[PDB]
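K.L.:
pasting the first chains of the complex, positions unchanged:
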Amino acid sequence: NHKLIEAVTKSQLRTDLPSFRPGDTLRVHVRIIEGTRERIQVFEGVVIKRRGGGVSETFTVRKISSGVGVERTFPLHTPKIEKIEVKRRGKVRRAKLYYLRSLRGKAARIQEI
Amino acid sequence: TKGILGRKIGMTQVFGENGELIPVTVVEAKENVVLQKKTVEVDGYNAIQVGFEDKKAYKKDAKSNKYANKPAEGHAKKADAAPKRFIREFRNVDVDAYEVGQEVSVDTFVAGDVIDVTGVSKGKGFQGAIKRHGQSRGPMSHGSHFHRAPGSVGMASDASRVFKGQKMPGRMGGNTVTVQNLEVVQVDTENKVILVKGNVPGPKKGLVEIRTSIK
C-alpha cells in the first residue's frame, strides 16, 4: 500500500469474484474472441498457487488434457473472466501446491473438507 | 502540452478498455509554478522556469536544505510564490504563462498523449566490464585464469598506447536518460497524478521531467 497508488487503481477492483484458497477445484468462464465470435470457454482445474497484491493479484489453475498437464495463469481482476465457481474445497497444508506438477494419477488427488 | 515536473511513485498496472493489461508508472505533479519567464531581449534564449515542490520558509539558523536561504527566498518572492525545490527550465513552449506565479496543473496533459520523460538517476557503484558494458566472460573447461577480466586493451608496439574511449571499470549508472514516445494513460485531479504508459528513469521519490514529444 502507498495510498497514492491506491485510489488510482481502486476503481478497477472487481467485487464479483468469490473467496477461494489454494487446493480447491475451480471453474473459470473465460470470454474468447476467436476470429470474431464471442464464446465462453470453461477451464476447470485445481488452484495451485495464488500470489498476492492489489490490482496485481493473480492465480494459476492446473488441469490434465489428453494426458498432458496444462497450467493457466490469470489476473484476479481481469475483465475477461465472466464468472468463477468453486466446485469443491480441498484439504491442503502448503500455500503453493507445486508438488502436483510431477504427480500424475491417484497420488495427485487432493482430499476434501 | 507544457512540460511538468513530478516525483516517481512506483509502477502498477491497469486494464485497458478492451481487456488489455497496461504497465503504468505513477507520477505525482503538485505545487508547479512559473517563477521566471526568460525572453530573447534579457537572455538570448526564450524559456520558462518552473519550480516543482514547496520548501519551508526562511529560518535564521538552518543546518539543512529544508529551509530556503535568503537568495532563493528572494527569487521566489519576485513571482509571488513560496520557496520551491527543483527549479527547472522548459524550452520549446509558447510563452503564455506568467513570470509571476501561475499554477502549472496536470490537467494540461489531457491534450497530448505521447510524451517524453527525462529522468536523472539510475544508481549503481563501481562496476566491472561484464556489468558496465555487457562484455563476455572467459571459459572454465580448460584451466582458464580469465573470467570477468576486461581483455586486451590495445595492439602491441605499433600502437604503443591505449585509445580514448576504451571500455574499463568505473562508476556505473547515475546518468541522465530520456525515454521517448511514452504515452499518458490517464490524468487525475484531486491527487495531481499522471499515469504514464511504461517505465521512467530513476528511483522512487526521484525527479522526472515530462514534456510533449519532440518527434
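P.N.:
Yep, that arrived. Residues are numbered from 1 along each chain as shown, chains lettered A, B, ... in the order given.
K.L.:
what does chain A put close to chain B?
P.N.:
Contact residues (CB under 8 Å from any CB of the partner chain) of chain A with chain B: A:2, A:4-5, A:7-9, A:12, A:54-56, A:75, A:77-80. Bear in mind the C-beta positions are built from the backbone N, C-alpha and C, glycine included.
K.L.:
Can you turn the buried part of these into a ChimeraX selection?
P.N.:
Per 16 or more other CB atoms under 10 Å in any protein chain shown, the buried members of the residues of chain A next to chain B correspond to this ChimeraX selection:
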select /A:4,5,8,9,54,55,75,77,78
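K.L.:
Show the backbone phi and psi for residue A:101.
P.N.:
In terms of degrees, to the nearest 10, the main-chain angles of residue A:101 are phi -70, psi -10.
K.L.:
contacting residues for it?
P.N.:
Under the criterion of CB atoms under 8 Å, 6 or more residues apart in numbering or on different chains, the contact list for residue A:101 reads A:48, A:62, A:69, A:71.
K.L.:
if I look at the residue nearest the centre of chain B, how far off is residue B:23?
P.N.:
In chain B, the C-alpha nearest the mean C-alpha coordinate belongs to residue B:119, at 2.0 Å (CA atoms, centre = their mean). Distance of residue B:119 to residue B:23, given as CB to CB, to the nearest Å: 16 Å.
K.L.:
And residue B:4, by the same measure?
P.N.:
To residue B:23, residue B:4 is 21 Å away according to CB to CB.
K.L.:
more neighbours, the two?
P.N.:
The residue with the greater number of neighbours, taking residue B:4 and residue B:23 and applying other CB atoms under 10 Å in any protein chain shown, is residue B:4; the counts read 24 against 13.
K.L.:
here's chain C, add it to the model above:
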Amino acid sequence: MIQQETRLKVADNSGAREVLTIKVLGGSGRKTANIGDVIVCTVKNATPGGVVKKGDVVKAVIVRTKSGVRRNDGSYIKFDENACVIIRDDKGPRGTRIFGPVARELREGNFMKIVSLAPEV
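P.N.:
Let me put chain C in with the others:
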C-alpha cells in the same frame, strides 16, 4: 531451440517419435523459437510402421512448450512438455491425427488445418 539440440516429442500420427532441432527458422542470428514457430529437425525415433523414416531432415511447427506464451490480457498458458508437428511444403500437417491440446492460438490464417484436427485448442 534453446541451443539447437532440443529433443522434441512429435504429437503426430506420422511415424516420427522424437526430433532434434537443427535450426530455428527466421532471421540471421535467431536463437530460440516458441509456439507458432517453424523449425528444421531431424528424426531420432520412428515407429516401425510409419511413413517418415528416422534420420531425415524435415520441417515442423511448435505446438506445446514448457515455458508457454503470455497474452495481451496478461493471462499465460504453460504446458507440461515440448511437442511439434511435421508440416508439408505449406502449412498443414503430414499425418491425419494430432494428439494432446494444441496451443490456443496457432490460428492466424496459417495453420487452420492443424487447429482443426487437434483434440482441444
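K.L.:
now that chain C has been added, could you go back to the contacts of residue A:101?
P.N.:
Residue A:101 makes contact with A:48, A:62, A:69, A:71, C:80, according to CB under 8 Å, 6+ apart.
K.L.:
Pick the one among those closest to chain B.
P.N.:
Minimum separation from chain B among the contacts of residue A:101 (CB to the nearest CB) is found for residue A:71, which lies at 18.6 Å.
K.L.:
before we move on, back to that, quick check, the residue nearest to the centre of chain B in contact with residue B:200.
P.N.:
Yes: here residue B:119 lies in contact with residue B:200, judged by CB atoms under 8 Å, at a distance of 5.2 Å.
K.L.:
what is in contact with these two at once?
P.N.:
Among the neighbours of residue B:119, those also in contact with residue B:200 (CB under 8 Å, 6+ apart) are B:8, B:179, B:208.
K.L.:
From residue B:94, how far out is the spatially most distant residue from the centre of chain C?
P.N.:
Taking CA atoms, centre = their mean, the residue of chain C most remote from its mean C-alpha position is residue C:73, at 24.9 Å. Residue C:73 sits at a distance of 41 Å from residue B:94 (criterion: CB to CB).
K.L.:
can you check residue C:84 too?
P.N.:
Separation of residue C:84 from residue B:94 (CB to CB): 60 Å.
K.L.:
So these two - more neighbours on which side?
P.N.:
Set side by side, residue C:84 and residue B:94 show unequal neighbour counts under other CB under 10 Å, the larger going to residue C:84 at 28 against 9.
K.L.:
Among the shared contacts of residue B:119 and residue B:200, which one lies nearest to residue B:132?
P.N.:
Closest to residue B:132 out of the shared contacts of residue B:119 and residue B:200 is residue B:179 (20.5 Å), distances taken as CB to CB.
K.L.:
Contacts only, for residue C:36.
P.N.:
For residue C:36, the residues meeting the contact criterion (CB under 8 Å, 6+ apart) are C:61, C:62, C:103, C:105, C:106, C:108, C:111.
K.L.:
could you also fit chain D onto it:
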Amino acid sequence: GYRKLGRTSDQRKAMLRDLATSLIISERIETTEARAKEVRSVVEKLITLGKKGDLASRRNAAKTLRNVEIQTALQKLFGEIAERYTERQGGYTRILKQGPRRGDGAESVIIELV
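P.N.:
With chain D now in place:
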C-alpha cells in the same frame, strides 16, 4: 540481515544473545559503537515481551536470552525491568560515546537502560 559485524550469521546471533543478556544483567555495559547500534534493537524487543507478560511471551523470550544466574536473566525480565517501563513506549536504552580506544582506535560507547 540488518548489518553484518565481521561475524558469520551463527557467530553474530550468538554474540547478540550474549550482549543482550549482559545488558539486562548489569544494566550498563561498555562495548563498541557498531554493536551498541545493534543491541539497541534486540533488547528493546525483549522488554516488549516482558511488558506483554503472557506465557507465550516467556517462551518466545526464552529463545533469545542465555541461562545465567544472578534470579535468572529471564526472571529479572518480567519482574523489575518490565515493571519500571510500564507507561514508557519505546526508547528503553541510551548510548553514550566515550571516544576511541588504544590498540584499535575503535569508538567505544556505553549503553544502558534509560
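K.L.:
same question on the contacts of residue A:101, but now with chain D added
P.N.:
Counting by CB under 8 Å, 6+ apart, residue A:101 touches A:48, A:62, A:69, A:71, C:80.
K.L.:
Kindly report the same for residue B:213.
P.N.:
Contacts of residue B:213 (CB under 8 Å, 6+ apart): B:114, B:115, B:116, B:180, B:181.
K.L.:
List the contacts of the third one.
P.N.:
In this case it means residue B:116. Listed by CB under 8 Å, 6+ apart, the contact set of residue B:116 reads B:178, B:179, B:180, B:181, B:182, B:210, B:211, B:212, B:213, B:214.
K.L.:
again with the fourth one
P.N.:
Applying CB under 8 Å, 6+ apart to residue B:180 gives the contacts B:116, B:213, B:214, B:215.
K.L.:
Reformat those as TSV; add secondary structure.
P.N.:
Converted to TSV, the contacts of residue B:180 look like this (DSSP: H, G, I helix; E, B strand; the rest coil):
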residue	secondary structure
B:116	strand
B:213	coil
B:214	coil
B:215	coil
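K.L.:
so which of those residues comes closest to residue B:168?
P.N.:
Out of the contacts of residue B:180, the one with the shortest distance to residue B:168 is residue B:116. That distance is 31.5 Å, counting by CB to CB.
K.L.:
and that closest one, what are its bridge partners?
P.N.:
In this structure, residue B:116 has the following beta-bridge partners (DSSP bridges): residue B:211.
K.L.:
could you measure it against residue B:198, distance?
P.N.:
In this structure, residue B:116 and residue B:198 are separated by 11 Å, where distance is defined by CB to CB.
K.L.:
Then residue B:33?
P.N.:
Following CB to CB, the distance that separates residue B:33 from residue B:198 is 28 Å.
K.L.:
Between those two, tell me which one has more neighbours.
P.N.:
Here residue B:33 and residue B:198 are set side by side on neighbour count (other CB under 10 Å), and the busier one is residue B:33, at 23 against 15.
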